[PDB]
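Cβ atoms come from the backbone with ideal geometry, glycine included; neighbour counts cover every protein chain shown. Rule-based calculations on the coordinates, nothing more; no lab input.
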Amino acid sequence: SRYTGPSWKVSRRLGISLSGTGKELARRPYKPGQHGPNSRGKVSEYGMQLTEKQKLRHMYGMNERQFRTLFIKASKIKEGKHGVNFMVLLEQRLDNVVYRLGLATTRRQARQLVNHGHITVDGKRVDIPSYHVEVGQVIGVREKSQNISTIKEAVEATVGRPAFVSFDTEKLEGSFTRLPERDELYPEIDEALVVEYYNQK
Amino acid sequence: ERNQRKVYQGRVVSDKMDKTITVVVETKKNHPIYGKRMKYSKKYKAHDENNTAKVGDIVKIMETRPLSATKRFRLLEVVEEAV
Amino acid sequence: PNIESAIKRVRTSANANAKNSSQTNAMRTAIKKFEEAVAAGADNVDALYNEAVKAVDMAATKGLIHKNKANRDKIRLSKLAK
Amino acid sequence: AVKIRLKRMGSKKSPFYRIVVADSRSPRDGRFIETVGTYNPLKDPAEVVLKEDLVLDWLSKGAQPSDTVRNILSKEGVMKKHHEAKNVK
RNA sequence: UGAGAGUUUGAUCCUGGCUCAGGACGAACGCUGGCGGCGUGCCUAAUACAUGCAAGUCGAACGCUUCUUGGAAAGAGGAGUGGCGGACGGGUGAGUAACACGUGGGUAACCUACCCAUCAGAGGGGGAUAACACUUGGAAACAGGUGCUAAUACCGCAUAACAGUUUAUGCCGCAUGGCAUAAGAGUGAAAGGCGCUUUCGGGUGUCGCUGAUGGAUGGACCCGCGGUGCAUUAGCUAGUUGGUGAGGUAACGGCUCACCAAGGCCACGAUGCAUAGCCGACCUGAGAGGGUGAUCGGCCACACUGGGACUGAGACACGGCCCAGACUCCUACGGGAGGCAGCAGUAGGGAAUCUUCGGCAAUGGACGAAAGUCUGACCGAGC
RNA sequence: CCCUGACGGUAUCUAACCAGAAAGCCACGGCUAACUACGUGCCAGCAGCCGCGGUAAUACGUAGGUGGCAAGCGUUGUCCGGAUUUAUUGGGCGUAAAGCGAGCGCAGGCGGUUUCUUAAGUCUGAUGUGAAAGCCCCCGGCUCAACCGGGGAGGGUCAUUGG
């Protein structure tokens, strides 16, 4: 499964945008349902760690088993911290590479582009979105049929291109220069609440 | 004969049988859960060509081959006699 | 039996048993025939010693006693007469 | 009847083989004496790795290859060396 | 890499139990289900088993017989004597608290078909038998009698001691003793087939045959230490513990005998009773630990229940023999036949567990000189 | 030189067509994330532990909404953790559970100061061995991952020999 629901209730429940600052929390910044505008008392310190974890899980649209295995894998580095290495491994998945490069507006669109077989790493096609893109691998746009309507238009309007992403808008090749850093990556949510959430799992 | 057998040490304990003596070899070994060292004993039978050695002697023995239902050792030498 | 090859082994081994027992009894009586004449103190005492030795030796080439049994036997008989 | 034979180590339809010296009564994937090289039927010019200083020692003690092991031991020039050590002295 | 919470009171602190938040599984069952990849699937009755298949092969060891092309040579069938294989591979965990297993050693007390190396032989004779032909008793399964025949089938005679044993010599070892060299006494084997050269040529290639020695591989025995409950289980032993000799085994040994003695084991747990195949490993834990021994590999034990031997290098034998027992089946009543804990499958027990499939193309195994024949191992397919 | 595929016209690759065939289970009083209506009235029912239900029940049964997971989701059974609740690591005995009514003593456990020696415990070096597959570390192949392969470490209370 992935998810198909209204995708905007989700942001109103975390209190974070999740869609490139394009405002879902413009009107009614409160939660969904009857008891939306009428908030109530405090939230535990279990609700806080759960809310941080859900923020990160819904950012990149993955499921709970895969999230937890990625977290367990990031723990075997021991070079740096354990939340930084996590949120950095999270960025190296082929879906974020298409999002950051700029071939798609959303992450759902980028996911459908990499699922339906329209992109290639090093020339060879790769079809599965949880792929692990390493540093220095020019991912391309299937030079067979790169004349599609939405890819073309979403290359023009560059809302955000980062300081670790390289790209050329003629051959349509991009790559990571090097690994990013927390200052360059959502210094807003957390990586410590999420680490504590998995201590008693 | 470049391969070698086992020799031991002990004090003779019984000398009633003809040509056979029981030797007790004693050692200390530890406890598996707790730490301290307990003492441990096992008795061996050894062969005597002429019924020589007596109780309290401190002997050495050596491993041979089956010489009876129970005896597997022979008498090497007497180190220190009792009086 | 069920398998065709198991039916042949039955008669083959029956026949082998027959002749094996015949020849073992031959050897045993040769030896005993020497013993009953050394226990009497009789003339014609080295010839049947020779015959018993030959009997044992021939039984060992017919696959009836191993080979160490034959050495043992010849030793025992040798210590009795020669 | 010591042998030099192949031993299957793939998954289901991607086989791999270890070259091994075993008593002939043993099961194909059961006990063996030691391992002597490797062999890969995929990988279009098939891959052989082997020590070839234990193959020459087992061969001179009466071990015997299977049919495929002999083919891949002659493609390596091990049977010629056996030839030149035995019937030449 | 060591997180805690609720609950005894009118309120409290301490003590204390009970409960919950994490993992995992050969799992079962309720509601509900789109696919691919890799794995897994009788834990219970070691309950009883319809039906098919799971071990044969060799005509280049040997005589016969039936065909297709009266003397013809090939091709394809049939049973028989003889060799080798059937002790592997495959199944299960009932027994077992012990050298059964794990780890570390010993054998100067040991055996070993096929395979590799070395040395030496391979001479000359004899008497049979199945098949076949005729014939008797048989409900059958099957049994007998007469006559002829072959061999790498069988048996004696020769020749061979390098094997064992005894004596002298030299060196040596951990008691018993080990190695090498010299002699002396009695003794022990063997088989051909297919080719090449074929002037009688009498030579020779190859595969087999006999004796002795090494290697390799496989097995056997002995020992130290280690892994379970009960003391509301303290005494146990009479071939029992030791000696002398005799027999016996591959082999040492109360292994088994006759005699002599009165020993052996136990609080450092003997004996008895209950439960259990053991290990690599697997789950959980910060660790120390605790709980399991399913898939896969190693060792052990069993084969309808209980005794025994035979053949063989190797079995006291998983689709072998003989006897007893319970059960099932066919019979002309005199008698006969059988053993899924091999793969499928069935009835039954249970909360519960699959197809009566395809192929030897690949890897391994048996026989054969080889083509090949066999292989429910195994490689694939199905639920 | 020449000769052989059960799987099987299987995996796979190319072309056209269509958003059309493909989402459910548990929970929402406190532990523990997620609340309002109506029905019923110590009944019908619920519960892992506290405990709910007698007219305005966020605790029963429905509807709307919300939370957790998702081709699965819950329930029962079995084991380790939380449990320092058998405590070597790592607890206690005046009144909470817990000093025998007191002595005498065989076996055992533990023992003052010091010189020389020994090497049983203790410490340490070298050699052999602790199979393969597993857990772990590096590297590599299946579009990724499960999975598959190559090279290592680890694991003894082990043995032998020297300090």
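Quick look at the values:
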quantity	calculated
Calculated [θ] (222 nm, deg cm²/dmol) that DSSP helices of n ≥ 4 give over chain A, each run adding -39,500 (n - 2.57)	-9500 deg cm²/dmol
Whole-Å semi-axes of chain D's equivalent ellipsoid (Cα gyration tensor)	23, 17, 9
Under-5 Å amide H pairs with B:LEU75, H placed in peptide plane, nonlocal only	B:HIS47
Estimated translational D of chain C in µm²/s (Stokes, Kirkwood radius over Cα pairs; 20 °C; 1.002 mPa s)	148 µm²/s
Whole-Hz couplings from phi, Karplus 6.51/-1.76/1.60, listed for region A:42-49; x for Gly and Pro	5, 10, 4, 8, 8, x, 6, 5
Unit charges on C-beta of K, R, D, E only; dipole of chain D, Debye	320 debye
Neighbour cut-off at most 16 other Cβ (10 Å), DSSP loop, trypsin sites (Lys or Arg not before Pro), region A:29-81	A:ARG40, A:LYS42, A:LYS76, A:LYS78, A:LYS81
Dipole of the protein assembly as shown, positive direction: furthest Cα of A:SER149, A:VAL84, B:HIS31, with charges on the beta-carbon	B:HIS31
Under 18 Å from the Cα of D:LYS13 - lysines, other chains or at least 8 residues apart	D:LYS43
Proximal charge balance of A:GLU173 [Cβ under 11 Å; K/R count +1, D/E count -1]	-3
The protein assembly as shown, dipole about Cα centre (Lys/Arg Cβ +1, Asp/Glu Cβ -1), debye to the nearest 20	1700 debye
Point-charge dipole on Cβ atoms (K/R +1, D/E -1) for chain B, about Cα centre, debye to 20	640 debye
Per-residue HN-Hα couplings for region D:18-28 [Karplus 6.51, -1.76, 1.60; θ = phi - 60°; Hz; x = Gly/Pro]	9, 8, 9, 10, 9, 5, 6, 6, 6, x, 4
Calculated FRET value between D:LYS75 and A:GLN34, using beta carbons and R₀ = 56 Å, to 0.05	0.10
Packing-based exposure ordering (other Cβ within 10 Å, fewest first) of A:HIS35, A:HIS118, B:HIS47	A:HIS35, B:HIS47, A:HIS118
Separation between Cα centres of region C:40-82 and region A:136-201, rounded to whole Å	100 Å
Residue with peak Gaussian network fluctuation, chain D [Cα springs, cutoff 10 Å], from D:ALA46, D:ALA63, D:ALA22	D:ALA46
Sequence of A:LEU70, D:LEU54, A:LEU94 once ranked by neighbouring C-beta atoms within 10 Å, starting from the fewest	D:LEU54, A:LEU70, A:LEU94
Packing-based order for A:140-147, A:20-27, A:172-179, using average beta carbon neighbours within 10 Å, highest first	A:172-179, A:140-147, A:20-27
Amide hydrogen neighbours beyond the local backbone of B:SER14, cut-off 5 Å, H modeled	B:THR22
Potential extension, A:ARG13-A:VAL43 segment - 0.36 nm per residue separation minus Cα distance	9.5 nm
Dipole of region D:4-89 [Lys/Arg +1, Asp/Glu -1 at C-beta], most positive-end residue of D:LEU6, D:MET79, D:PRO45	D:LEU6
Coil-residue GluC sites (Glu not before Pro) of region A:47-115, DSSP, other Cβ within 10 Å capped at 11	A:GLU79
Rough spin-label spacing in nm, given labels placed 7 Å along Cα→Cβ, for A:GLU196 and A:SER149	5.0 nm
Which of B:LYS36, C:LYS69 has the fewest Cβ neighbours within 10 Å, and the rest in rising order	B:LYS36, C:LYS69
Under the Karplus curve 6.51 cos²θ - 1.76 cosθ + 1.60, θ = phi - 60°, whole-Hz ³J(HN,Hα) for region B:34-49, x wherever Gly or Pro sits	7, x, 5, 9, 9, 9, 9, 9, 9, 9, 10, 9, 9, 9, 10, 4
Chain A: most fluctuating residue of A:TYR99, A:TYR131, A:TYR60 per GNM, C-alpha cutoff 10 Å	A:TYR131
Pairwise centroid distance, computed over Cα atoms, of region A:8-59 with region B:1-58, Å	81 Å
Full-extension gain in nm, A:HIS132 to A:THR177, via 0.36 nm per residue minus C-alpha separation	14.7 nm
